[PDB]
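Q: Need a 3D model of the following:
(6 chains)
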Amino acid sequence: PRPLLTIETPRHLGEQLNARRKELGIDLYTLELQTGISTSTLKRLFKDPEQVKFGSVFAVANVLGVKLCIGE
Amino acid sequence: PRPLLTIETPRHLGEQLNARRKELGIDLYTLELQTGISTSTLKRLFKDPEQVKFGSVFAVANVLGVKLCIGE
Amino acid sequence: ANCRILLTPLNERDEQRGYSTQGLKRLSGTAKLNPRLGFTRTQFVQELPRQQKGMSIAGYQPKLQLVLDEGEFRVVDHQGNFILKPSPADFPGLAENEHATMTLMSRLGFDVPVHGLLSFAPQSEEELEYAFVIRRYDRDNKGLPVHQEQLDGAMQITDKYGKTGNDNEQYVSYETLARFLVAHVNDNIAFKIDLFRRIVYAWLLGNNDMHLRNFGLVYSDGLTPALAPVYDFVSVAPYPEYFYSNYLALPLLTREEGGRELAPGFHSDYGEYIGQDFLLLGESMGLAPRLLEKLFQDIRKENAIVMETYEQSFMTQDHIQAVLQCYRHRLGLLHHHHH
Amino acid sequence: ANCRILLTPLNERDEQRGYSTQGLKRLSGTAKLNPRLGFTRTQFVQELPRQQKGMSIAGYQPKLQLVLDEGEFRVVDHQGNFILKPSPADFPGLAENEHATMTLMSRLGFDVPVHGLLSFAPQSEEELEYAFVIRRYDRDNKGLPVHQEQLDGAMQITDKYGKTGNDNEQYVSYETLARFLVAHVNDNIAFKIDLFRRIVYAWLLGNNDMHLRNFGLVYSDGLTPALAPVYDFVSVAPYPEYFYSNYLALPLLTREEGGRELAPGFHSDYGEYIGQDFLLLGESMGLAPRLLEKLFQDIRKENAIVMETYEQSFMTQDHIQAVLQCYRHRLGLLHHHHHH
Amino acid sequence: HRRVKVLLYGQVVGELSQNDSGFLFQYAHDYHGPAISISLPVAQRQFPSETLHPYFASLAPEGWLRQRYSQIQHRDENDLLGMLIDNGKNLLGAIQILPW
Amino acid sequence: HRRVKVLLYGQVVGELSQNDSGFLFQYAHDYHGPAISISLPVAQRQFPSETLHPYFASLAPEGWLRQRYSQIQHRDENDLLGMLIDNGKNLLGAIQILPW
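A: Residues are numbered from 1 along each chain as shown, chains lettered A, B, ... in the order given. Shown next is the structure:
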């Protein structure tokens, strides 16, 4: 029921979010209009969002229906 | 069975990480020497890390033993 | 010279047949499909007397369960994979109306199950009668059942139109329906955009019968359900008495429930649902203004598909002109926006 | 004078008793604790020949299981809540050594269970003999048991000192031990820093007997384990032959396992474990160089506590200056890294 | 007056009961599988309603299909669950309503 | 040779058996609870070792504590399972080993 996936690297999150984007069929232009994040910055988020602000990563996640959880 | 808390806002994560820091007894100076993140940037991360880079947030979380998971 | 399944121009080899090979393969999966049924209407579709009325045009539509053995269609008592909806006696031509509208929705990018037109066996030497056919979305690869439930039961609402009061007023809205769906299904912009596009095109194409029972929730495993494909999409514009009753089956905005308030477009000089009304519905679903503006501009460029699909259809020319009149008028009203 | 539990200066009211009200409240939880347990030493001991001359210094220490009944201690055959370790006959004063060392570790921020010194009943009006007592960490509130595990069994290691080979060399190191712990317990900087400081302060205070059995894993919450508190921390400096055997019980770095290689400090003129060796241990655990440097500077300012605590202790004065000599010497060796 | 069995995916999941006071649908205490509707969560095992639960009401046919069946099966008007029994096998989805 | 039962947190959780060839510690059948050691995971249910499993060997006392029984039944060069038997209740933690 729960497919929780431990994110090991910032790059891991970016690549895993990009897979959901292509799965749902959404394009960068569509995301840019909603989120406000530039098209160039969006591709950077799907490579390594280490240098992208956390608000932008969290925003794209909510747009793709992915929830973010923390634990130990 | 591991308890999990769904992060709803960037503020939610930032404040929850400060709670873990204070519980474990860790100091802001100590965190700066290990992570490299300045003390001033650390103060903002524990309020609203919306404008702090994801790499800094992910780094502090692992130093505090907090794991980050994603799931729809 | 056009196909009875795909509404695409026919080749010289396929012209006489009336059905293109690609279209037959879309429905059945084989190129040997016989789209000419071997049973007359009188065999199965019993013509029942007039109802007590006060119902919709779809309450008069008969329904026949079909199954595909070999390449010929066949009628079953219960649990088939296809459904055959002939034209009502009092409303002739409705099967061609459903076909054209549903073919348009498939061309517009929506999830529409495979559909087409089939021919009844003649009795003497009459003009062939045509009936709409559609494949059930509650079936898997091997016709295995997939669970589905209509929104009226899920929302714990007793009436299809939201008339859950002592008055004929409606207490369920399209805005509230979207909120319910968002909570139970996945909240991605792809689901939101498609649902928004479903409501606008129901208004644009004059479908004032998108009641709660015309919405579904399919549990394709993975636990989380998803919105069902588009079904029972007919245009009511050719029939004025039924058309002028209501613009849309349910109130658009939640403020309009129970007659408590009115839409801003009703207060405007146009006195109708305008662009600002659907814009407010989009903002409720969480869609940003820049996205909403682009989504509006996309719908405008799609007028070529709407006109062409209906003009290539097998509907009566008087019925075609009716739907196209409703479309162009309402299409222009979407520009009374603010962004 | 000083308290026999907290080694703190006594007020006029608590002077005569010898035990401060604060200390008695720390041990039992009541201020009506009678630290004169009666029960003479000959009552509850059994003496007998030496097993093997040289079997550690702690291998001769007796252990007595105790329970607290209405402010007076009582001996139980099995499953108590306190443990009484008198001083061995051949090594008098060891109870006072354990007390002082464990009190020092408590003052330094470590997790040390409640401990103190108790007085045996006199027989023929001789000077009272004092015995160390400590509370078992395997009990929670109301004395309910919590499961624990020793590291040697967890690591599937047959010998406490790592002599698991065909020769006579040690094949387990402090570095490898740290790696094992990191995997099973939570990887937070607080655990890493505390573990690092345990190893450094074992060396600084001359404890060459921190074997794998002196490490524990307590399964409190259930699944996730945690490092056990500091226990059996005694200084081996007063006893030269036992002290001169080994610098530390186990090899510091993994490179030294099996005699394969030597520490950088061994090749230096000092020929001993120095600061650069401990710096390499920290980098292995993941500690940053700037953090390690500050952690070193903190230890230097902590010399005041070490001197004061031992000078306030009830150890023989001859035993005290021995421990302080080892401390002063090894503490200076922590500066031989010459890095910024 | 009547009692029926609710079947999902070929397996008995619950029981729907009609008494003078109302309708009661209860899941099986040993049934921890999927829910037949989001309106009927498996967490709660008891569903008392003086009227037919809207899920089972929506499972009924309408329009021409109802009229064709009403001239022939013509049972007690608003028998509700009695109508569902006759159309149990032909129920859309993976749900079946079968007599006790 | 010897048949002894292993109880954790009071209830009996495992079985310790010494056979001609060696030692076997096996969990029960309905036990999906916690493991008595990380070296003996509850996932894997069979643990055959020709030597005493390092966990049970480490559970035995040493030095003066052992010396009391080496004087009583000469527990020197003697079976460690017998030593553990005498100290089954005296085992640190929540572990106890008692015979069948």
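Q: For the stretch 201-339 of chain C, what lies in contact range of chain B?
A: Residues of the stretch 201-339 of chain C lying close to chain B by CB under 8 Å from any CB of the partner chain are residue C:224. (C-beta placed from N, C-alpha, C; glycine too.)
Q: Tell me where the chain has helices.
A: This is for chain A. Assignment of helices within chain A using DSSP state H yields the ranges A:10-24, A:28-35, A:39-45, A:54-63.
Q: was after chain C, sorry
A: Assigned by DSSP H, chain C shows helices spanning C:12-15, C:21-27, C:41-44, C:94-107, C:151-154, C:174-184, C:189-204, C:240-243, C:264-267, C:275-285, C:289-301, C:303-311, C:317-332.
Q: The ones you listed: which one's closest to residue C:168?
A: Residue C:168 lies closest, by CB to CB, to one member of the helices of chain C: helix C:240-243, at 16.5 Å.
Q: and that closest one, does that touch chain E?
A: No: Helix C:240-243 stays clear of chain E (CB under 8 Å from any CB), getting no nearer than 14.7 Å.
Q: Contact residues of chain A facing chain C?
A: Contacts of chain A with chain C, taken as CB under 8 Å from any CB, map to A:1, A:24-26, A:30-31, A:33-36, A:62-65.
Q: Quickly name whichever of the residues you listed is closest to chain B.
A: residue A:65 (5.4 Å; CB to the nearest CB).
Q: still on that earlier bit, can you lay out the helices of chain C as TSV showing distance to residue D:238 and mean neighbour count?
A: Listed next are those as TSV, based on distance: least, CB to CB, whole Å; neighbours: other CB atoms under 10 Å in any protein chain shown:
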stretch	distance to residue D:238	mean neighbour count
helix C:12-15	106	11
helix C:21-27	93	19
helix C:41-44	107	14
helix C:94-107	92	23
helix C:151-154	80	23
helix C:174-184	72	18
helix C:189-204	74	20
helix C:240-243	105	12
helix C:264-267	91	16
helix C:275-285	78	20
helix C:289-301	79	15
helix C:303-311	96	16
helix C:317-332	98	16
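Q: Can you give me the buried ones in the longest helix along chain E?
A: Longest helix of chain E, by residue count under DSSP H: helix E:63-73. Neighbour counts over helix E:63-73 (16 or more other CB atoms under 10 Å in any protein chain shown) mark E:63, E:64, E:65, E:67, E:69 as buried.
Q: returning to what we had before: identify whichever of the helices of chain C lies nearest to residue D:58.
A: The closest of those to residue D:58 is helix C:174-184. By CB to CB, the value is 64.3 Å.
Q: Now do that closest one: distance to the chain's middle.
A: 20 Å (CA atoms, centre = their mean, to the nearest Å).
Q: Check stretch C:96-106 too.
A: The chain centre lies 8 Å from the centre of stretch C:96-106; the measure is CA atoms, centre = their mean.
Q: Stretch A:11-19 now?
A: With CA atoms, centre = their mean as the basis, stretch A:11-19 stands 6 Å off its chain's centre.
Q: Is it in proximity to chain B?
A: Yes: with CB under 8 Å from any CB as the criterion, chain B is reached by stretch A:11-19 at A:13, A:16.
Q: Identify the residues contacting that stretch?
A: Applying CB atoms under 8 Å, 6 or more residues apart in numbering or on different chains, the contact partners of stretch A:11-19 are A:5, A:7, A:45-50, A:57, A:60-61, A:64, A:66, B:54, B:68, B:70.
Q: cool, stretch C:35-48 as well?
A: With CB under 8 Å, 6+ apart as the test, stretch C:35-48 has contacts from C:4-5, C:18-19, C:24, C:62, C:64, C:72-73, C:75, C:86, C:89, C:116-123, C:129, C:131, E:64, E:67-68, E:71.
Q: Next, the buried residues of that stretch.
A: Of the residues in stretch C:35-48, C:35, C:36, C:37, C:41, C:45 count as buried by neighbour count, 16+ other CB under 10 Å.
Q: Give me the distance between the two termini of that stretch.
A: 26 Å (CA to CA, to the nearest Å).
Q: Repeat that for stretch C:55-64.
A: First-to-last distance for stretch C:55-64 - CA to CA - comes to 20 Å.
Q: Any buried residues in it, and which?
A: By neighbour count on 16+ other CB under 10 Å, the buried set for stretch C:55-64 is C:56, C:57, C:58, C:59, C:60, C:61, C:62, C:64.
Q: could you pull out the strands for the stretch 1-150 of chain C?
A: Ranges of strands within the stretch 1-150 of chain C are C:64-69, C:72-75, C:82-85, C:115-119, C:130-135, C:148-150, based on DSSP state E, counting those that start in this stretch.
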